[PDB]
Each structure stands twice: as structure tokens, then as C-alpha cells.
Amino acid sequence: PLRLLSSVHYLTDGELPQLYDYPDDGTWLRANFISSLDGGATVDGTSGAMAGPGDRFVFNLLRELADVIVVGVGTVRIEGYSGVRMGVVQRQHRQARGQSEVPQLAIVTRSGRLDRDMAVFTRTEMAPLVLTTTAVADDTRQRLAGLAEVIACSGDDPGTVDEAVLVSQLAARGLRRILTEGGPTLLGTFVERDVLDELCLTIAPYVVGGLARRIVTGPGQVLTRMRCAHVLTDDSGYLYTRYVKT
């Protein structure tokens, strides 16, 4: 009942985007994470040390394919997010697909307690969205006037983000091809709200020991079954997986 996986194909620059195609229509929330073999999401507090050239390449590709990159403010601070960068060819590909040259960043915050000073606001070609609650949306909008488009993403509860609503507000703005890059709290909520369509997971060929948190945190205990759409690899033993919710 077991099948050996082997490299059967070198992916061309044209085929790789195809493997990570978004659906033709409808919203699609894709997550891109990286974790060690022993499930650690961080090395020395952040994820980058696990990411080699292969993962950076995939990471940048998923950004290139996304209409919008949604990230928790925690990751934004910790990973030092600034504006999404797109190279000339990336911009060309994006135009060819009917997309803006650079995907927007969307920072998720229940508190809305974002400072005007952040690099997500400062070092950015594209002004970012701030996805927050109905309760704080107005004060946040005022505080962040000129810096970010503040969008209330509450459903029934004005004090919380409803993640389905969040996805919908993005789509409503024509940002239906969503990529989230974390963090584990945000991902946890997406998973709990059952709005995660796809998880692209780089499995870095490291064990990192017990300190690191997982790529999902929170009190949530779910068991969402996913289908393995693909596994890619590179010469360094990384697995670039793509799982789609069943």
C-alpha cells in the first residue's frame, strides 16, 4: 500500500506557477509556512533560518501569485515585514495574469493597536490593508489615515474578526487569491474558522529541538483533513508540500 516518491520532473519556471495556481474563480486562502522536521516554526525567534534558496524561491513565487498577502501583526513585527517586493519579471507575470504589479499586504489585528511607524506602512510601494474588528475599525482608520486602508472584518461580533468575513472583504476588494504567511495565531484562527483552503508547507530538513512553537498556535483542537496535492523537493532535502482542504 506504500509508494516510493522520487523526483520525476525538473520544474521549469513556467510549470512551477502552474503547480501553485489559484482556482479560476472564487476566494482561495492559501497559507505558506515553513517548519522543521520536528514541527518547529521558528529558529531563534523567526522562520528565516530554516529557509534556504529553495524555500525563498517558492515563498516569492507564492507572493507573486497572490492578490494579497495576509499576515498577523505579530509576524509583521517579528519578521520585520515591509512592503512586498516584486522584480520586473514578477510584475510582468502579474500584469499578464490581470493582477496589480505588487500584491498588497493585509495586516490582521483584533486590537487595531498598530503604530503609524511600522515598515509595513513605511517601506512599501503598495499601501497595505489593515483587517480588524468593527469595534476598532474607525479609530484605527483615523490613527492610520494615509498609511493603510482599514477594513472591518467582523461577522456577528463587532469585537472580533470573523475570518470568513476577512476572506470575503479581501475578495470584495478583488483580492480573492489570498496568501497568508502567518503567523501561528492567525493560521490557528483560519484553521478554527475552517477557512484555510490550502496549506503550502516547506518542511525544512532540520530538527530544532523543543523550544520552537508550531506553525499553528492557539487553544484550538481540530482535525481538518487535507489532500496532498504535491510534494516538491530540491537538492537540499527540503520538501515543498501543498495540501488542499478536503
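Each residue number is its position in the shown sequence, starting from 1. So that the term is clear: the rigid core is the largest set of C-alpha atoms that superpose within 1.5 Å between two forms.
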{"property": "Higher-deviation segment by CA RMS in 6 other deposited structures of this protein, core fitted, 53 to 61 or 25 to 33", "result": "53 to 61"}
{"property": "Other entries lacking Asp138, at least a third", "result": "no"}
{"property": "Entries skipping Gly72: at least a third of other ones", "result": "no"}
{"property": "Residue stretch of maximal mean CA temperature factor, 131 to 139 vs 162 to 170", "result": "131 to 139"}
{"property": "Higher-B stretch (mean Cα B-factor, as the entry records it), 217 to 225 or 194 to 202", "result": "217 to 225"}
{"property": "Given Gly39, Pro53, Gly26, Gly45, the residue at which the Cα B factor reaches its maximum", "result": "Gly26"}
{"property": "Within-chain third of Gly72 by Cα B-factor, per the entry", "result": "lowest"}
{"property": "Where the record places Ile78 (Cα B-factor, split into thirds across the chain)", "result": "middle"}
{"property": "Chain thirds of CA B-factor: placement of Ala148", "result": "middle"}
{"property": "Ranked against its chain, the third holding the CA B-factor of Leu4", "result": "middle"}
